[PDB]
Structures are given as C-alpha cells and as structure tokens.
C-alpha cells in the first residue's frame, strides 16, 4: 500500500473515484494486493467474474460464486462497483452465439440482464450494459446480437437494465476511443446522439483506454469529443499504458480531471505481474507490489 491514496486525492477534486480491478485470485494471491486496493483505490470492477461465460455458462443456469466474492469484498470495504459486462461478443458462451431466432435471443438477453442485475440490485454504481459493439470504422459490429436482433438490441438492453435497477448508471463501453477525430470515436458519438434522441437510457460512455507509450497526451481531446454525445457522464474504464511513464499517466489523469463529464478512472489491474499485458509493465505497482514512479507522479499532480 502507498501512503498517499490517489483515490482520496482524486475525490478531493470532485471526482467519484480512482479505482482498479479484482477477483478472488488477485484478492487472495498475497497480502499487498488487497491491502493496496483497500488503501489506494475507491472502486472495483470484476476482471472476469461477471462476464456472460462466467455467469450463465448454460442456458438458464447461473454461476455466481466468483462475482459474489468480488461484490462482497467491494461492499465490505467501501468500494464502488462497476458491473462488467452484460452484453458482449467476446467471452460469450457458444449456446448464445448459435441462437438464430430473434425472439429467442431477445428472451435470453433479457433473462441474462435481469438475473445478473437483480442479484446485485442497489449495490452497483455503474453497469457496462454493452461492451465493444463498434467496428474500428464506427459502424456496428456484426455480433450475434446485431445479426439476429438488429440495432434494436441496443434499446432492448438499456431499457431492460433501467427497469431492473434504476439505481445504476448505464454505460456503453469500448476501446480505441483515444483521440479526437478517430473513426470509432466519431461512430460512438453519432450513434449515442441518435439513441439518446430516441429515448434510450444511456447514462454514460466508458472509454477503456488501453494505450501504448506516448499516447497519453491525446486522451484529453478524445474525452472532449465523447462529451458531445450528450450522455450525463463518461469514464475511463480500463486504463493501462505500455511502459507506465509518469508523463503518460499524468496526462491521462489530467484528461479526466479537466473534463466535467468524467466521473472517474479505473486502472485495469494493480500490479504488473497481474496485467493481461504483463510484459509491457503497464500498471502503477511493480513486480514487488510497490508503487512505481507514475503512481507518485499522479499523486503529486492532484
């Protein structure tokens, strides 16, 4: 644990949180990891436990052991929770992908959203209702949901989520929304504008922000561009930067800090060895679970 909590410092600027991720393994693999989470971060996103493959492996058969643990740990330690994720083409069970009947897929989709959301009703700050639904060019990804149901799946998912838990902020999440003017950013903005105009309950846009070294300085503009979609809020949801330079990290923190709609930042992991791209040392804590230069830099910028 770092003496100075970047979450505390970020919240002091009117932000809701500066969080990270977790699940049973990383929360129990050693003493430092859960200690760091408790001391320096104010929000948690389940790394894999709430995804479709991990929650409904078989049609109508739910497995909530992992997700229960993450939610219980967060709730037991005053951490906000971002449910992740309800509808996604990746980490989706084969039984869902093979459905060809529209009404059947809608029934399945609504049951999945309802059961998962109902179980944690009232305990979730935000839900990534839809994840990665756009192609790089800004058009809609031809996932089973889009292919079988059509664009109406967007409305269906958000409306179902809203009716199940009106206390949660409903988000549409995606990656590569990292520079103003990028085709995917333009596509995200145009579609959300249309959906909001149609009355679809989209409260926020989540920008994953999985960056390479030197890409931190372009994020401010990306968030500004995303602000034009018209959602009440936006958030950096899965931050990690190859190399973890102080310049990159501080640029990204400032990007959120100076944008009124940005409620917070979730860093995708605590320490480097637990990163999905561990070889690029993209996190704030190192192999010994000790604060890296970037962590202290973020603290000093707040």
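Positions refer to the first chain, counted from 1.
Legend entry - Of 260 to 268 and 247 to 255, the one with larger mean CA B-factor: Stretch with the greater average CA B-factor: 247 to 255.
Legend entry - Between 134 to 142 and 171 to 179 (mean CA B-factor, as deposited), the higher: The deposited B-factors put 134 to 142 ahead on the C-alpha mean.
Inset, instruction - Among the candidates 201, 221, 78, 122, give the one with the maximum CA B-factor reported in the record. - result: In the PDB entry, the greatest C-alpha B-factor among 201, 221, 78, 122 is found at 78.
Inset, instruction - Please work out which residue in 26, 45, 31, 65 has the highest C-alpha B-factor recorded for this crystal structure. - result: Of the candidates given, the C-alpha B-factor peaks at 31.
Legend entry - Among modelled residues of the same chain, the CA temperature factor third for residue 242: Highest third.
Inset, instruction - Looking at the entry's B-factor column for C-alpha atoms only, identify whether residue 86 ranks in the lowest, middle or highest third of its chain. - result: Tercile = middle for this residue's CA B-factor.
Inset, instruction - Comparing against every modelled residue in the chain, figure out the third that the C-alpha B-factor of residue 41 lands in (lowest, middle or highest). - result: Within its chain, residue 41 is a middle-third residue by C-alpha B-factor, going by the deposited values.
Inset, instruction - Comparing against every modelled residue in the chain, figure out the third that the C-alpha B-factor of residue 284 lands in (lowest, middle or highest). - result: Within its chain, residue 284 is a middle-third residue by C-alpha B-factor, going by the deposited values.
Legend entry - residue 150 CA temperature factor, ranked by third within the chain: It belongs to the highest third of the chain when residues are ordered by C-alpha B-factor.
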